[PDB]
Amino acid sequence: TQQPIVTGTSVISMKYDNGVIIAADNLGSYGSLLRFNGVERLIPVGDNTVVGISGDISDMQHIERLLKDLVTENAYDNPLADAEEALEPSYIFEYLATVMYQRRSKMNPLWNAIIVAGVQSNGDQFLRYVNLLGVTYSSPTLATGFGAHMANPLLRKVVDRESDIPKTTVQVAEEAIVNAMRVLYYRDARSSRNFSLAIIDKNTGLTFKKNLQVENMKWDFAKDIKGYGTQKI
Amino acid sequence: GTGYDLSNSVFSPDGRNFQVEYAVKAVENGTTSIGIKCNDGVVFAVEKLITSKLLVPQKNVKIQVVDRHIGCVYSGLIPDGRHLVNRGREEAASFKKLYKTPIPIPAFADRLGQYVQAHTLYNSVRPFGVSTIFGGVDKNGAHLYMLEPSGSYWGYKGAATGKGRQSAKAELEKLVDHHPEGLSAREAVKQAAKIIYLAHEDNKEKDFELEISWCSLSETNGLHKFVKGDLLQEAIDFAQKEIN
């Protein structure tokens, strides 16, 4: 049993008609101090999977190494490592889920909330969640920490049920993810304006966008707000 | 007296270790395999005797990768070879895990060396029945090595072991002399396919299947990869042609 030190906030994600999108800002907080800004919390594994991690950063870096090792290992004595026997998102998830649960069961958790996003070899979208307790679940949309409260409500207005997936386009979807990031920047006191976004499309493959920024913010009305009730100037 | 050859860690009166020497016999009785160091990498190749038509072609792969930058091929008792790669793979993971950087080929070589040498210290174990050719690209160049059952190993310009090690060693010595400037990855690949076709005469009775792999700073980016399709066929031809 430990206690997180350097942490990463929300990880939002959702699936559309041809794939899945996932995003996470680049902040690495240390309590209330927004200590590190060049932190990539999106771990690409292979080219059909992206792992978004939140929580303790040191533990994240650890899961990062496990993932690289998983790839190296899958390559050993495997002639179909870049074909029929390449890593699937579901394999990567089942593995991580296994570890998370074993560690919580030994009273020494990996203080994280993870979301595995990708596309299975047969084209199916893969989106599942796992945290320090080993708890797991899937939904057309998934978010951790703050995003679970502010992002999901927004994203669900696009994909409320399974039948909405085929009706949603990457454009519509990516738009939602990007607006959700803006909202989180407005209300999450542990968020950054810079973030990373990744798309895993069954036709276009993996697209990984770095250094994005919250844009189109409304702040002007703040000038009309003075005092806290009766003050006029 | 005698009996000096029945227990593994025993010194014979002439300071030798017979069990190790016997293991070598097992290595010489195996398929021939080689290693060709080039200007920015190394190439590996081996002979695969087609016992029958029932063997699925291109399936029973023999060359092995360690980490992502090291290639290993061996002759002798195949299972013993896998056992040594497994150890090397653990050996490598361990190194990267603590030092972060993937393991240097020289460092990796000693790892296998110390381990193999270990199996010549006790009578409770048997020496390895293989000679292994392995190498890769690292912080400072390419490196080619060959490890013997005694745990002995050195860096080579070219190396061969197995049935036709003499044919190969011969072909290799030529290349070394006629190319002081160093062969190239692309060239070494064809050259290799040839050394293998030539060294196959010391086994001309059974049909075979060629296998090549390479690790070049420019052709593969320092990563170990198997030669497949076109590049492979082009090499088989270059060989099948000069075999006449």
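Provided above is the structure to which this section pertains.
Here is a short report on the structure shown in this document.

Parameters and conventions
Residues numbered from 1 in each chain as written, not as in the entry; some residues may be left out. Chains lettered and ligands numbered in written order. Part of a larger assembly, values for the part shown. Heavy atoms only, no water. Helix = DSSP H or I, 4+ residues; strand = E, 2+ residues; numbered from the N terminus. Rg over C-alpha atoms; globule rule 2.2 N^0.38 Å. Buried < 20%, exposed > 50% of the residue type's maximum accessible area, 1.4 Å probe, protein only. Contact = heavy atoms within 4.5 Å. Areas by Shrake-Rupley, 256 points an atom, 1.4 Å probe, with all protein chains shown as cover. Pairing = 2+ DSSP bridges. Core = buried A, V, L, I, M, F, W, Y, C linked by side-chain atoms within 4.5 Å. Axes fitted to C-alpha atoms, helices over the stretch in contact; angles between N-to-C directions. Left-handed = near helix turned anticlockwise from the far one by under 90°. Nonpolar A, V, L, I, M, F, W, Y, C, P; charged D, E, K, R; others polar.

### What about the overall build of chain B?
Stage number 1. Of regular secondary structure, chain B possesses six helices and 10 strands.
Stage number 2. In terms of C-alpha radius of gyration, chain B reaches 18 Å, essentially the compact-globule figure of 18 Å for 244 residues.
Stage number 3. In terms of principal-axis extent, the alpha carbons of chain B reach across some 55 × 50 × 40 Å.
Stage number 4. Split into buried and exposed, the 244 residues of chain B put 50% on the buried side.
Stage number 5. Of all intrachain contacts in chain B linking residues separated by at least 6 positions in sequence, the fraction that spans at least 24 positions is 66%.
Stage number 6. Element-wise, carbon and sulfur atoms account for 53% of the exposed surface of chain B, whose accessible area totals about 12100 Å².

### Here we look at unusual backbone geometry
All names here are of chain A.
Stage number 1. Notably, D77 is not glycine yet its phi reads approximately 45 degrees, a positive angle.
Stage number 2. Examined against the element boundaries, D77 turns out to sit in the loop between α1 (57-75) and α2 (89-104).
Stage number 3. With a phi close to 60 degrees, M107 is a non-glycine residue in the positive phi region.
Stage number 4. Assignment of secondary structure puts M107 in the loop between α2 and β8 (112-119).

### Brief notes about the pairing of strand β12 (residues 194-201) of chain A
Residues and elements named next belong to chain A.
Stage number 1. Counting buried residues in β12 gives seven out of eight residues, a clear majority hidden from the surface.
Stage number 2. Two elements, strand β3 (residues 19-25) and β12, share seven bridges in a ladder whose sense is antiparallel. In the sheet register, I21 faces β12, and the bridge partner there is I199.
Stage number 3. Of the pairings in the sheet, the one linking β12 to strand β13 (residues 205-213) comprises seven bridges and is antiparallel in character. Within β13, the residue paired with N194 across the bridge is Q213.
Stage number 4. Two successive antiparallel strands, β12 and β13, enclose a turn made up of three residues.

### Describing the nonpolar core
Stage number 1. Core analysis: the biggest nonpolar cluster contains 29 residues, and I34, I36, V43, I196 and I212 of chain B have the highest contact counts within it.
Stage number 2. Elements that contribute at least two residues to this core include exactly β1 (33-38), β2 (41-50), α4 (165-177), α5 (185-199), β9 (207-216) and α6 (229-242) of chain B.
Stage number 3. The dominant element in this core, judged by the number of residues it contributes, is α5 of chain B, at 10 residues.
Stage number 4. In this structure, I36 of chain B is in contact with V42, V43, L144, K157, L172, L183, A188 and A192 of chain B, ignoring residues within four places of it in sequence.
Stage number 5. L70, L87, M100 and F126 of chain A belong to the second-largest nonpolar core, a separate cluster that totals 23 residues.

### Describing the packing of α4 of chain B against α5 of chain B
When two helices pack together, their arrangement is given by the angle between their axes and by how far apart the axes lie.
Residue and element names in this part refer to chain B.
Stage number 1. Where α4 meets α5, the closest approach of the two axes is 8 Å, and the angle between their N-to-C directions is 145 degrees. The handedness of the crossing between α4 and α5 comes out as right-handed. Between α4 and α5, the residues in contact are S167, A168, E171, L172 and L175 and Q191, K194, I195, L198 and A199, respectively.
Stage number 2. Of the residues assigned to the contact of α4 with α5, the class counts are six nonpolar, two polar and two charged.

### Structural notes on the environment of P57 of chain B
Stage number 1. Relative to the elements of secondary structure, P57 of chain B occurs in the loop between β2 and β3 (64-66).
Stage number 2. Sequence separation of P57 of chain B and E209 of chain B is 152 residues, and the distance between their C-alpha atoms is 7.8 Å.

### Some points on the pairing of β3 of chain A
Residues and elements named next belong to chain A.
Stage number 1. Here β3 lies mainly inside the structure; seven of its seven residues are buried.
Stage number 2. Burial of the side chains of β3 extends over both faces: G19, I21, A23 and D25 are buried on one face and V20, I22 and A24 on the other.
Stage number 3. Pairing analysis gives four bridges linking strand β2 (residues 12-15) to β3, with the strands arranged antiparallel. The partner of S13 across the bridge, within β3, is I22.

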